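Visitor: need coordinates for the following:
(chains A and B)
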Amino acid sequence: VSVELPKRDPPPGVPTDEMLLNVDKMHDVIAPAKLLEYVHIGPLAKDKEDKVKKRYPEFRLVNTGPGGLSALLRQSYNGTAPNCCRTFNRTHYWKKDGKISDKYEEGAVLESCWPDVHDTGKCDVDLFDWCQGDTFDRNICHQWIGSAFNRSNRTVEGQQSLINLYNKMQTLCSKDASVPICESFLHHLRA
Amino acid sequence: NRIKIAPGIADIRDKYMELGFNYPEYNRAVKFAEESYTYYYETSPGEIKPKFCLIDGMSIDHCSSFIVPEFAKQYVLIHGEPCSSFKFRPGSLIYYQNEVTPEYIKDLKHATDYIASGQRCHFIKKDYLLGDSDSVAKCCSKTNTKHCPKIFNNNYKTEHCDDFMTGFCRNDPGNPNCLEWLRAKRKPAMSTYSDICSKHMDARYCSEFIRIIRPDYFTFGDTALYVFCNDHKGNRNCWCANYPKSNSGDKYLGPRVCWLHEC
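Guide: Numbers count the residues shown, from 1 in each chain, chains lettered A, B, ... in the order given. Shown next is the structure:
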């Protein structure tokens, strides 16, 4: 082709909010994400996507858009019972170096447990053992008992766990009602 | 040779590229579309598809050059249909019509380096996007909600703001936003205010907290009261829940509360 081809200059691109997203600063956005909810994290490299996969084992990396535009999709809650059944405030914790924290530092791994985990009935088996003996905290055990009395049973596991909890509490209190947990059980039965 | 471009009877953004070659039947035409409008609406319901054919190995930034920055704050770029564009006209969409077919495009690319492949620009509408903890603090605290997603700005009907508000409301428990977050009656809010009120039970927001929880979740207030009335045993207001007598602290608990007409 002897004739030189006319070359149109591409227009100067302007980035969006989506393409200016850094996954390193999105730990307060990704953590409260619910199930089947997308959290776009902007462009991502291979080392960065491996790092994100390690820091968020509960999520999945979905390449939504070209240029590495990825999003995280929550798949399951990996929170263990001992870590987040003993408190109502904590929703997720960063685990690293064999220790648990509520503050983010580099190299940590997110661990989130189900919203209103107590209402589901997973915490009953743990707090039943934790609320007898020297490990009895009055606030947490009392609030757990009170919220167990007023519980919206949505799933079959909910009713099953509630019935097991009532049976175990009744048996333990028939054994002895002077223990603080049976005192709280009797108080909330009266209430 | 004999390269030319002519606008057609359609809109100005679409044109015809004309080749006049020595071979008589290569004197042909190709309908190509290049965009020159900054979009402020949707080409199709719920989506924007500018005619910019983003070629492979090219920065995605240019794909957003055709959208107003205000309108693009809540659109995300996804993969589009495969397309072809001239290398010397990066992003000139090629219409696969009549003799134009992807096989012909591949043959032309093999013959000469005036053709590249890629994907059509495709923006979908989901919601606004946050990128740092400062924007989350702005959205959840409701100080500045000009650009905040529905999930983080929905008047505390979902637990997306629970973690931030848990620490935010310990500084100022009397904030109307904190009380309206408490009024959602989720466990983090009630436990945070139980911890707050175990030390400041003599404050107005604790009266409102007690009015909110009871009678469904009284267990989050009683505990708080207990703590307060075991720390401030000298408070004249804890003298019904915690009687000053050393042996008789539960003197007026339960139905006995009515034996003292001050309680």
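Visitor: in chain B, which residue sits closest to chain A?
Guide: When scored by Cβ to the nearest Cβ, chain B has residue B:219 as its residue closest to chain A, at 2.3 Å. C-betas here are computed from N, CA, C, even on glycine.
Visitor: enumerate every residue touching the closest residue to that residue other than its chain neighbours.
Guide: In space, not counting the residues next to it along the chain, residue B:219 is nearest to residue A:146; the distance is 2.3 Å by Cβ to Cβ, 6 or more residues apart in numbering or on different chains. With contact taken as Cβ atoms under 8 Å, 6 or more residues apart in numbering or on different chains, residue A:146 is in contact with A:188, B:217-220, B:222.
Visitor: switch the cut-off to 7 Å
Guide: Under the criterion of Cβ atoms under 7 Å, 6 or more residues apart in numbering or on different chains, the contact partners of residue A:146 comprise A:188, B:217-219.
Visitor: tell me which element residue A:100 is part of?
Guide: In this structure, residue A:100 sits in strand A:99-101 according to DSSP states H and E.
Visitor: what packs against that strand?
Guide: Helices and strands touching strand A:99-101, by 3 or more Cβ pairs under 7 Å, 6 or more residues apart in numbering or on different chains; DSSP states H and E, are strand A:92-96.
Visitor: and the strand it packs on, how far out from the chain's middle?
Guide: Using Cα atoms, centre = their mean, to the nearest Å, the mean C-alpha position of strand A:92-96 is found 10 Å from that of the whole chain.
Visitor: isn't residue B:92 right next to residue B:34, touching?
Guide: Yes. With contact defined as Cβ atoms under 7 Å, residue B:92 and residue B:34 form a contacting pair (4.9 Å).
Visitor: counting neighbours, go ahead and name the busier of those two.
Guide: Regarding residue B:92 and residue B:34, a neighbour count based on other Cβ atoms under 10 Å in any protein chain shown identifies residue B:92 as having more, with 25 against 21.
Visitor: so who does the more buried one touch?
Guide: Remark: with contacts taken as Cβ under 7 Å, 6+ apart, residue B:92 is in contact with A:8, B:32, B:34, B:53, B:85-86.
Visitor: tell me the contacts of the nearest residue in space to residue B:85 that is not next to it in sequence?
Guide: Spatial nearest neighbour of residue B:85, chain neighbours left out: residue B:53 (4.4 Å); criterion: Cβ to Cβ, 6+ apart. Under the criterion of Cβ under 7 Å, 6+ apart, the contact list for residue B:53 reads B:83, B:85, B:91-93, B:118, B:120.
Visitor: just the buried ones from those?
Guide: Taking 16 or more other Cβ atoms under 10 Å in any protein chain shown as the criterion, what is buried in these is B:83, B:85, B:91-93, B:118, B:120.
Visitor: spatially, which two of the residues you listed are the most separated?
Guide: Looking at the buried ones among the contacts of residue B:53 by Cβ to Cβ, the two members farthest from one another are B:92 and B:120, with 12.4 Å of separation.
Visitor: what would the contacts of residue B:92 look like in JSON lines with distance to residue A:45?
Guide: Shown next, in JSON lines, are the contacts of residue B:92 (distance: Cβ to Cβ, whole Å):
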{"residue": "A:8", "distance to residue A:45": "30"}
{"residue": "B:32", "distance to residue A:45": "34"}
{"residue": "B:34", "distance to residue A:45": "31"}
{"residue": "B:53", "distance to residue A:45": "25"}
{"residue": "B:85", "distance to residue A:45": "26"}
{"residue": "B:86", "distance to residue A:45": "30"}
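Visitor: dump the residues you listed to JSON lines, plus secondary structure and distance to residue B:137.
Guide: Compiled in JSON lines, those are given as follows (DSSP: H, G, I helix; E, B strand; the rest coil; distance: Cβ to Cβ, whole Å):
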{"residue": "A:8", "secondary structure": "coil", "distance to residue B:137": "45"}
{"residue": "B:32", "secondary structure": "strand", "distance to residue B:137": "48"}
{"residue": "B:34", "secondary structure": "coil", "distance to residue B:137": "43"}
{"residue": "B:53", "secondary structure": "strand", "distance to residue B:137": "40"}
{"residue": "B:85", "secondary structure": "strand", "distance to residue B:137": "43"}
{"residue": "B:86", "secondary structure": "strand", "distance to residue B:137": "48"}
